[PDB]
Amino acid sequence: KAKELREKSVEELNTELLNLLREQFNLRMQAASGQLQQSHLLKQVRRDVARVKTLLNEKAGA
Amino acid sequence: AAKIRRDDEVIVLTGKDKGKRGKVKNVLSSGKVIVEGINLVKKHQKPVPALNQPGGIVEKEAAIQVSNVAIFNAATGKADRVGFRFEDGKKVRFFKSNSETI
Amino acid sequence: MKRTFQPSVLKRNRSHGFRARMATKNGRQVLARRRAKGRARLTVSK
Amino acid sequence: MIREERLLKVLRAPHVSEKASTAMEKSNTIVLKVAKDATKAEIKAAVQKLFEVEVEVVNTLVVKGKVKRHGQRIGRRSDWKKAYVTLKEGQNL
Amino acid sequence: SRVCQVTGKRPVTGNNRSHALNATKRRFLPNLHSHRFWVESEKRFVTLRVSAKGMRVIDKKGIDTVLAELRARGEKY
RNA sequence: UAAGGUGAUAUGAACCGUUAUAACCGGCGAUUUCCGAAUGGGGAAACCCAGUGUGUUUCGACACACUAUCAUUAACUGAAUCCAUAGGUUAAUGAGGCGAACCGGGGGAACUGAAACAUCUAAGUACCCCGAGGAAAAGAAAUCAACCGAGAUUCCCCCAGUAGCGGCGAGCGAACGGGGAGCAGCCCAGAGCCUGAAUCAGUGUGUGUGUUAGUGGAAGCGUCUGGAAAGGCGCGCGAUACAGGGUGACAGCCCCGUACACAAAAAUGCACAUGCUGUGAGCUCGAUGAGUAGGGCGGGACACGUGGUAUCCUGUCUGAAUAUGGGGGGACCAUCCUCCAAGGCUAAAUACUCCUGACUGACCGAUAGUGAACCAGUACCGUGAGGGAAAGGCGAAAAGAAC
RNA sequence: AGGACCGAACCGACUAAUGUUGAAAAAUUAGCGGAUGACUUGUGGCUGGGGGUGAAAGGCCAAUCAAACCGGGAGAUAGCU
RNA sequence: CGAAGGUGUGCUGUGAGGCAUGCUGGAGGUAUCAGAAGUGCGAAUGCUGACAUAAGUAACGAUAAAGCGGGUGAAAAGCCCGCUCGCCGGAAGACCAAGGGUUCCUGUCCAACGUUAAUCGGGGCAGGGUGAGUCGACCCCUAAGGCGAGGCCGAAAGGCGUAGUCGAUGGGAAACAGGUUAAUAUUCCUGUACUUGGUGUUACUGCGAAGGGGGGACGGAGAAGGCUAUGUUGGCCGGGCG
RNA sequence: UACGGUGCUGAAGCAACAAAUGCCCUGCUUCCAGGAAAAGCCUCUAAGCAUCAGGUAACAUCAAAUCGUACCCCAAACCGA
Ligand SMILES: [Mg+2]
Ligand SMILES: [Mg+2]
Ligand SMILES: [Mg+2]
Ligand SMILES: [Mg+2]
Ligand SMILES: [Mg+2]
Ligand SMILES: [Mg+2]
Ligand SMILES: [Mg+2]
Ligand SMILES: [Mg+2]
Ligand SMILES: [Mg+2]
Ligand SMILES: [Mg+2]
Ligand SMILES: [Mg+2]
Ligand SMILES: [Mg+2]
Ligand SMILES: [Mg+2]
Ligand SMILES: [Mg+2]
Ligand SMILES: [Mg+2]
Ligand SMILES: [Mg+2]
Ligand SMILES: [Mg+2]
Ligand SMILES: [Mg+2]
Ligand SMILES: [Mg+2]
Ligand SMILES: [Mg+2]
Ligand SMILES: [Mg+2]
Ligand SMILES: [Mg+2]
Ligand SMILES: [Mg+2]
Ligand SMILES: [Mg+2]
Ligand SMILES: [Mg+2]
Ligand SMILES: [Mg+2]
Ligand SMILES: [Mg+2]
Ligand SMILES: [Mg+2]
Ligand SMILES: [Mg+2]
Ligand SMILES: [Mg+2]
Ligand SMILES: [Mg+2]
Ligand SMILES: [Mg+2]
Ligand SMILES: [Mg+2]
Ligand SMILES: [Mg+2]
Ligand SMILES: [Mg+2]
Ligand SMILES: [Mg+2]
Ligand SMILES: [Mg+2]
Ligand SMILES: [Mg+2]
Ligand SMILES: [Mg+2]
Ligand SMILES: [Mg+2]
Ligand SMILES: [Mg+2]
Ligand SMILES: [Mg+2]
Ligand SMILES: [Mg+2]
Ligand SMILES: [Mg+2]
Ligand SMILES: [Mg+2]
Ligand SMILES: [Mg+2]
Ligand SMILES: [Mg+2]
Ligand SMILES: [Mg+2]
Ligand SMILES: [Mg+2]
Ligand SMILES: [Mg+2]
Ligand SMILES: [Mg+2]
Ligand SMILES: [Mg+2]
Ligand SMILES: [Mg+2]
Ligand SMILES: [Mg+2]
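Those protein sequence lines, which keep their order, are chains g, c, k, b and f. Note that the authors' numbering gives residue 27 to position 26 of the first sequence, counting from 1, and the numbers run on in steps of one. Note that the authors' numbering gives residue 22 to position 21 of the second sequence, counting from 1, and the numbers run on in steps of one. Note that the authors' numbering gives residue 2 to position 2 of the third sequence, counting from 1, and the numbers run on in steps of one. Note that the authors' numbering gives residue 80 to position 80 of the fourth sequence, counting from 1, and the numbers run on in steps of one. Note that the authors' numbering gives residue 16 to position 15 of the fifth sequence, counting from 1, and the numbers run on in steps of one.
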């Protein structure tokens, strides 16, 4: 997913992080609560977070 | 660079089903392939109370070594061996006999 | 009868612990010896 | 506590024991599995931010993980932190 | 340590030999003395732990030349 | 590179992907908790507690950064004490600890052997300690030789168990000289004319070379036995490939491979070319390492135990000559020869293998071989240092025995 | 008042029996001594091997002591079995 | 179309051994002549593993002691419930530190573990369970002692030690009843409280230390007196009329 | 009331005596062997800051983190195989 995220900016990436992080939290809630058939979304969302932070460190100025 | 693919028609070279022709179903990590209706084992499937519960003797396909099968040519009507060559800009498999691309 | 081992974790930690060994040159070598022999439990700690 | 990124990592899961259902019914107290490095202030701000419910007080304890056997192998489960979160009055979820 | 700052004379080891030539390990220590040396180049007394030979070496070379060899060797004096 | 994939025990679940952002492999990158040299202070290792400075805030509190010691240099400052100096604060640079062997150095045993034992031996061994490097040390004659000459150091084979040393016991044990491996010579102790002309050092670039992923890679059927064929029989084919490993029993031709041929976006090594920056040759004339050589005393080292004992080192006390001069040639003298100490640098031939890759073995094949073929430095023992096991094999395929 | 008296806790260990592959690698049972002192006890700390400590028995220094334990020299040496 | 190995049989050689062969075994073995050795075991109080023997013997761990009924269960001397009995009671009760580390509670299982049986268990498996401003640690403070910038000493290692810094077994702020869970509670709930800080507002104001002083701050024995904890009786209330 | 217990109400709830090794007592008395330290705490000022900061009191408001807390603990859970 990194190719399109590169077009986005630091803001518009920090917010995408929080939204991803919230989605992470709700999935974590749904998972423990017996719900969430689709167990695969946890790795799916965990890796998008990793993807947005790698780009932020790539846009800090380095 | 694999010679036997997932949905290729093969013929068995060594075994109870020497001479039989099947279609490959799975290419396992082990260098073994499952071929439709070939290495039929008659299992003794235990019952489970939860999911797919009926205990039963199932006749499923077992896995044979990829070494023990060959792609069927279907033009010659015989087994054959695979080679790899580059056509227009892509790696393609060809029948050793007749040099035709699969 | 009173036996020889009378556990104290502080006495154990001070007499043979990791900091006690890294304190002296010869304790640094005890660990170097245990590190080379591949001991799972380098010292009495924990 | 204040950073939103930190609050979204602090609450792990709700605990679904009988003592916790009692705590909900009687004492207005939800029992949560939280991060081992979660402090009482972080859990309060997290619940108040995430579940949108008022929090009176947070009690906490660290559960020691259990030694188990898997055939011959010993193994230990990871310590986890339990949080009793007393609400003012109002539960939704 | 029993070392001269001028010469670098340190204790050296050896043997005590008896008439029967029984050998026993022993040390030869220098003739070390703390002596205040007048540095007229600086109008100051400088105190050095020195061998009697280093004392002879200072007389010959001059403490001024000597100390220049010491601060060219570390050897805080 | 790819049609298959989400490491293992280990199935299952929920999914990704199939002509190119699935996975896998390689390169450069990113993240990289806490402890540990551990370095902000402490501490019973993986924990406790700060300080400063910024930037944030709903004013509850947040996030990040810096803050060790020592050495060096610098700046500011700064006593007794006028100057100053010690001392103080800060900055910058560097070190710190780990690691198998090899190396060099500082210290240094005893058992033992002598058929007892002390000299002697074991042995400068084991052990402790310091330091370094890819090797280290050593090194360009104050050396040998013998009146002929050699031409720095190191390693190998001889010389030779010789000459000698030796309670002349036990034992220790050379060199000269020869054959070889590999050779490389330089600089300071100062001036001037000539001036950046040799030389490696870094530090850029070009072109080749290799490494770190990988691509292609020959040719076989029929029949017999059999659970199964690769085996038997028969008739064929390839071979710069019959190395090997696999496959339902023994396969050149089923598979992976092998010979052979090719290949790199990116990074990098060793070689070359070339460019910036710094180091200086070449000439000419000068200069030629002093508490040193040597000596006395005590010790050590030289094969050499003080012996008739040269030579080297020096703890102590002394102490020259200085090219018209000195050192050595195994007491010592003379003569003759030979070299020129007291200041330094220096490749290769040599040593070793924690680790990596390939290959091999009249090496082992589960009481063997590593202690450990297996989740082993584990379990277990022990306060601790430390000690330290046992334990491999269904089957071709789980077809692992429905009922 | 008391290194005073009798006597429990507490500290010790004179006798006897039991047990001696024990319940226990030193105990049990009955009795016995001290029991405000040179007492006793907890926690922590210091002393290290020809060294310690010893109201002194060569006693004790992790069930090990006329020189601890572990590792190494080390396959010591063994005219003996 | 059955290798090694194993197990019998037959034949044979002066002997070590050899040949054949059945059965098992299910994949390797190897003539000949040479070559090399971890080359031949009954002993070494040999080493390791395995298995005997004594022997179904001793013993089943305090001579505090059991008995019955019912229950559950495949099965009950041992578990549950119950009724009696007996034992401890300055303990064999209760709460802790230390040390241990889930042994706690519930459900489930009985192979091994339990010196017997086991339905039971500190046993196996699974789940649950520990809640703090006031308890305690951390924290402030220091003792012995330890480390120890510089420093002094020392062949090296390193030793001693100043400033400092650690170091409790000591000093230092504050919470009580009652109620509650299968298992936590001075931690949860009820009621009633206390302490220390920070920040603000108000009124007033001499406040400020690494320093000075006080305090903290301390022995043994002994004695009387006053109190409480606690108990005994009486009264009161409730039940009782054996 | 699922036999394991639950929800409402609720009597009297007094006195006297006795009495600690506990409290007053970190006291008193006496003795010789003559009995920690440091901080918190209170207080005084120095440099120094003053119609500021800081101090006392009242009042409000906020905070008081973190770790331990199960269970055995004269014992079948520690030391003793
Ligand atoms: Mg100790
Ligand atoms: Mg730190
Ligand atoms: Mg530190
Ligand atoms: Mg000797
Ligand atoms: Mg002898
Ligand atoms: Mg000798
Ligand atoms: Mg030689
Ligand atoms: Mg290929
Ligand atoms: Mg091929
Ligand atoms: Mg095959
Ligand atoms: Mg001499
Ligand atoms: Mg000489
Ligand atoms: Mg000549
Ligand atoms: Mg000279
Ligand atoms: Mg082995
Ligand atoms: Mg075997
Ligand atoms: Mg071993
Ligand atoms: Mg072994
Ligand atoms: Mg008395
Ligand atoms: Mg008496
Ligand atoms: Mg007692
Ligand atoms: Mg008794
Ligand atoms: Mg008795
Ligand atoms: Mg008495
Ligand atoms: Mg005696
Ligand atoms: Mg003992
Ligand atoms: Mg050693
Ligand atoms: Mg021996
Ligand atoms: Mg030896
Ligand atoms: Mg064989
Ligand atoms: Mg056979
Ligand atoms: Mg035998
Ligand atoms: Mg014999
Ligand atoms: Mg009998
Ligand atoms: Mg009998
Ligand atoms: Mg009997
Ligand atoms: Mg019994
Ligand atoms: Mg009954
Ligand atoms: Mg358990
Ligand atoms: Mg229980
Ligand atoms: Mg049993
Ligand atoms: Mg049974
Ligand atoms: Mg249990
Ligand atoms: Mg010290
Ligand atoms: Mg120092
Ligand atoms: Mg402190
Ligand atoms: Mg309880
Ligand atoms: Mg105020
Ligand atoms: Mg009373
Ligand atoms: Mg009656
Ligand atoms: Mg009392
Ligand atoms: Mg508790
Ligand atoms: Mg408790
Ligand atoms: Mg008890």
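The C-beta atom is built at its ideal place from N, Cα and C for all residues, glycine as well.
field: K33(b) vs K82(b) beta-carbon contact at 8 angstroms
entry: Yes, these two residues count as a Cβ contact at 8 angstroms.
- prompt: Closest Cβ-Cβ distance between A33(g) and chain b: below 8 angstroms?
  reply: Yes - at least one Cβ of chain b is within 8 angstroms of the one on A33(g).
message: Check this for me: beta carbons of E5(b) and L22(g), under 8 angstroms apart or not?
response: Yes, they are a contact pair.
Neighbour flag for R29(g) against chain b, beta carbons, 8 angstroms: Taking Cβ atoms only, chain b reaches closer than 8 angstroms to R29(g), which makes this a yes.
task: With distances taken Cα to Cα, identify the nearest neighbour of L87(b) among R3(b), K44(b), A13(b) and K9(b).
output: Residue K44(b) holds the alpha-carbon nearest to the alpha-carbon of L87(b) among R3(b), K44(b), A13(b) and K9(b).
message: Measuring CB atoms only, is the region 7-17 of chain b touching the region 28-46 of chain k, in the sense that at least three cross pairs come out at less than 8 angstroms?
response: These segments do not touch.
field: chain g contacts made by the region 47-70 of chain b, where a contact means CB separation under 8 angstroms
entry: Within the region 47-70 of chain b, the residues whose Cβ lies closer than 8 angstroms to some Cβ of chain g are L50, listed in chain order.
query: Is it a yes or a no for the region 32-40 of chain g touching the region 7-23 of chain c, going by three-plus beta-carbon pairs under 8 angstroms?
result: Too few Cβ pairs lie closer than 8 angstroms, so no.
- prompt: For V25(c), which option in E101(c), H45(c), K43(c) and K4(c) has the closest C-alpha, if you only look at C-alpha atoms?
  reply: The shortest Cα separation from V25(c) among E101(c), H45(c), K43(c) and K4(c) belongs to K4(c).
query: How far does the beta strand (DSSP E) with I59(f) in it reach, from first residue to last?
result: Segment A53 to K62 is the alpha helix (DSSP H) holding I59(f); no beta strand (DSSP E) there.
message: Quick check on this structure: which residue in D79(b), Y84(b) and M24(b) has the alpha carbon closest to the alpha carbon of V62(b)?
response: Restricting attention to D79(b), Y84(b) and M24(b), the CA atom closest to the CA of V62(b) is found in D79(b).
task: Consider the Cβ of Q25(g): report whether some Cβ of chain b lies at a distance smaller than 8 angstroms.
output: Contact with chain b is found for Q25(g), since one of that chain's Cβ atoms lies less than 8 angstroms from the residue's Cβ.
query: Buried or exposed: which applies to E42(b), given that a residue is buried once 16 or more other Cβ atoms fall within 10 Å of its Cβ?
result: Flag for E42(b) reads buried.
- prompt: Is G90(b) near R77(b), with beta carbons less than 8 angstroms apart?
  reply: Cβ distance not < 8 angstroms, so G90(b) and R77(b) don't count as in contact.
- request: Along the beta strand (DSSP E) that carries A45(b), what are the first and last residues, could you check?
  value: DSSP places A45(b) outside any beta strand (DSSP E); the residue lies instead in the alpha helix (DSSP H), whose first and last residues are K40 to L50.
field: Neighbour flag for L19(g) against chain b, beta carbons, 8 angstroms
entry: So yes, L19(g) belongs to the interface.
- prompt: How would you call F26(g), buried or exposed, if buried means at least 16 neighbouring beta carbons within 10 angstroms?
  reply: With 16 or more other Cβ atoms within 10 Å, it is buried.
field: Range of the contiguous alpha helix (DSSP H) that encloses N27(g)
entry: Per DSSP, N27(g) is one residue of the alpha helix (DSSP H) stretching across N15 to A33.
query: Using the C-alpha atoms, what's the distance from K61(c) back to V49(c)?
result: Approximately 18 angstroms between the Cα atoms of the pair.
message: Could you check whether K97(c) and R86(c) sit closer than 8 angstroms to each other, using their CB atoms as the reference points?
response: Going by C-beta atoms, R86(c) is not nearer than 8 angstroms to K97(c).
query: So what does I103(c) bridge to, in DSSP terms?
result: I103(c) pairs with nothing; no bridge assigned.
field: Classification of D49(g) by the beta-carbon crowding that lies within 10 angstroms, buried from 16 upward
entry: Classification of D49(g): buried, given that the 10 Å Cβ count is 16 or more.
query: Which same chain residues, not among the five before or five after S2(f), have their C-beta less than 8 angstroms away from its C-beta?
result: Here the set comprises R11.
task: Compare the C-alpha of residue 104(c) against each of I65(c), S100(c) and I103(c) and name the closest.
output: The structure shown does not extend to residue 104(c), since chain c is modelled only from 2 to 103, so the question has no answer here.
message: Counting only Cβ pairs nearer than 7 angstroms, list the residues of chain g close to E4(b).
response: Neighbours of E4(b) on chain g, chain order: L19.
task: Please compile the residues from chain g whose C-beta is within a distance smaller than 8 angstroms of the C-beta of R12(b).
output: Residues of chain g passing the Cβ test: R29 and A33.
message: Please tell me whether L8(b) has its Cβ less than 8 angstroms away from any Cβ of chain g.
response: With respect to chain g, the C-beta atom of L8(b) has a partner C-beta closer than 8 angstroms.
message: Measuring only the C-alpha atoms, how far is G71(b) from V67(c)?
response: Between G71(b) and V67(c), the C-alpha separation is close to 36 angstroms.
- prompt: What did DSSP end up calling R73(b) once you bin it into helix, strand or coil?
  reply: Three-state result, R73(b): strand.
query: List, in order along the chain, the chain b residues whose C-beta lies closer than 7 angstroms to that of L22(g)?
result: Correct list: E5 and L8.
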